[PDB]
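Q: After the structure tokens below, expect a handful of questions from me.
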Amino acid sequence: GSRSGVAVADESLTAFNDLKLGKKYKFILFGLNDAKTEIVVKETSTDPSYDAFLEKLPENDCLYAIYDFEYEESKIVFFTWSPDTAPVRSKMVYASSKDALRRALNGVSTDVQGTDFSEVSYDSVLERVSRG
């Protein structure tokens, strides 16, 4: 790694706070920039459908996500998305960089380690969020 390691882009923290306090977004997808020096915003969404969220997860690549998980309650959920079929290089750098983003985000209720689509299903996440 570099001397300072990966940084969190200002836009990423801004987007997170806008979601957390303003409900500006339903979810945010974060990723490493191509230089692998910063965690940036890949995409935001206001789509209320959980399926719309799942359909944006790359089947063979990694990302991080924050989801405003709503049910009947609104809980901030952090996802690490690291599918089994992603390249080893990618899995490793996303694992090594995760702490930089995760430690920068205050107010996450639940963390999900997503390695397949069963682990990130709405029902699986609801079970996690509602227990703890």
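In the structure tokens, chains take the letters A, B, ... in the order shown, each chain's residues start at 1, and ligands count up from 1 in the order shown.
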Extract, using only C-alpha atoms, all DNA, RNA and protein residues at most 8 Å from residue A:86, discarding same-chain residues fewer than 4 positions from it, and format them as a PyMOL selection string.
A: chain A and resi 59-62+82+90-91
Q: Could you save the residues just selected, with C-alpha atoms, as a PDB file, in the first residue's frame?
A:
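Result written to again38.pdb:
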ATOM      1  CA  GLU A  59     -22.024 -10.586 -10.562  1.00  0.00           C
ATOM      2  CA  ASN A  60     -18.235 -10.803 -11.019  1.00  0.00           C
ATOM      3  CA  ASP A  61     -16.831  -7.673  -9.367  1.00  0.00           C
ATOM      4  CA  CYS A  62     -16.690  -6.000  -5.952  1.00  0.00           C
ATOM      5  CA  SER A  82     -17.380  -9.611  -2.866  1.00  0.00           C
ATOM      6  CA  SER A  90     -10.170  -7.365  -6.806  1.00  0.00           C
ATOM      7  CA  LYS A  91     -11.398  -9.305  -3.774  1.00  0.00           C
TER       8      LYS A  91
END
Q: Taking 6 positions as the minimum chain separation for residues in the same chain, which residues sit within 8 Å of stretch 101-109 of chain A when counting only C-alpha atoms? Answer as a PDB file with N, CA and C atoms, in the first residue's frame.
A:
ATOM      1  N   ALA A   7      -7.828   6.713   0.620  1.00  0.00           N
ATOM      2  CA  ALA A   7      -8.624   7.749   1.267  1.00  0.00           C
ATOM      3  C   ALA A   7     -10.087   7.605   0.877  1.00  0.00           C
ATOM      4  N   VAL A   8     -10.960   8.217   1.664  1.00  0.00           N
ATOM      5  CA  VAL A   8     -12.372   8.303   1.321  1.00  0.00           C
ATOM      6  C   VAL A   8     -12.620   9.664   0.683  1.00  0.00           C
ATOM      7  N   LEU A  13     -18.437  10.787   1.537  1.00  0.00           N
ATOM      8  CA  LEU A  13     -18.925  11.138   2.864  1.00  0.00           C
ATOM      9  C   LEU A  13     -20.146  12.049   2.757  1.00  0.00           C
ATOM     10  N   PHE A  16     -23.136   9.925   1.791  1.00  0.00           N
ATOM     11  CA  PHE A  16     -23.559   9.149   2.947  1.00  0.00           C
ATOM     12  C   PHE A  16     -24.391   9.992   3.908  1.00  0.00           C
ATOM     13  N   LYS A  20     -28.154   9.512   5.129  1.00  0.00           N
ATOM     14  CA  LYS A  20     -28.410   9.218   6.534  1.00  0.00           C
ATOM     15  C   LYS A  20     -29.382  10.212   7.163  1.00  0.00           C
ATOM     16  N   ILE A  39     -11.753   5.867  -2.347  1.00  0.00           N
ATOM     17  CA  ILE A  39     -13.067   5.247  -2.436  1.00  0.00           C
ATOM     18  C   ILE A  39     -14.067   6.329  -2.820  1.00  0.00           C
ATOM     19  N   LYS A  75     -33.071   1.677   8.921  1.00  0.00           N
ATOM     20  CA  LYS A  75     -31.772   1.283   9.448  1.00  0.00           C
ATOM     21  C   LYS A  75     -30.708   1.356   8.364  1.00  0.00           C
ATOM     22  N   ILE A  76     -29.571   1.953   8.702  1.00  0.00           N
ATOM     23  CA  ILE A  76     -28.456   2.078   7.776  1.00  0.00           C
ATOM     24  C   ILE A  76     -27.666   0.775   7.746  1.00  0.00           C
ATOM     25  N   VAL A  77     -27.598   0.163   6.569  1.00  0.00           N
ATOM     26  CA  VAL A  77     -26.897  -1.103   6.386  1.00  0.00           C
ATOM     27  C   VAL A  77     -25.705  -0.926   5.458  1.00  0.00           C
ATOM     28  N   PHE A  78     -24.551  -1.404   5.904  1.00  0.00           N
ATOM     29  CA  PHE A  78     -23.337  -1.400   5.096  1.00  0.00           C
ATOM     30  C   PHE A  78     -23.126  -2.787   4.509  1.00  0.00           C
ATOM     31  N   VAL A 129     -30.899  -7.198  10.473  1.00  0.00           N
ATOM     32  CA  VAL A 129     -31.226  -5.872  10.982  1.00  0.00           C
ATOM     33  C   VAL A 129     -32.148  -5.937  12.199  1.00  0.00           C
ATOM     34  N   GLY A 132     -30.210  -7.482  15.517  1.00  0.00           N
ATOM     35  CA  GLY A 132     -29.267  -6.533  16.076  1.00  0.00           C
ATOM     36  C   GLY A 132     -29.193  -5.247  15.279  1.00  0.00           C
TER      37      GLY A 132
END
Q: Just the number, please: distance in Å from atom CA of residue A:37 to atom CA of residue A:116, one decimal.
A: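 A separation of 26.6 Å between them.
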Q: In Å, rounded to a single decimal, give me how far atom CA of residue A:114 is from atom CA of residue A:88.
A: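 These atoms are spaced 15.4 Å apart.
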Q: Under the rule that only C-alpha atoms are counted, which of A:22, A:1, A:48, A:31 is the nearest residue to residue A:94?
A: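 Smallest distance to residue A:94 is found for A:31.
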Q: May I ask which of the residues A:97, A:110, A:80, A:44 is the closest one to residue A:56, counting only C-alpha atoms?
A: A:44
Q: So how far away is atom CA of residue A:51 from atom CA of residue A:122, in Å?
A: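 That distance, rounded to one decimal, is 8.6 Å.
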Q: For the alpha helix (DSSP H) assignment from backbone DSSP, which residues of stretch 25-96 of chain A qualify? Please present them as a PyMOL selection string.
A: chain A and resi 50-54+88-96
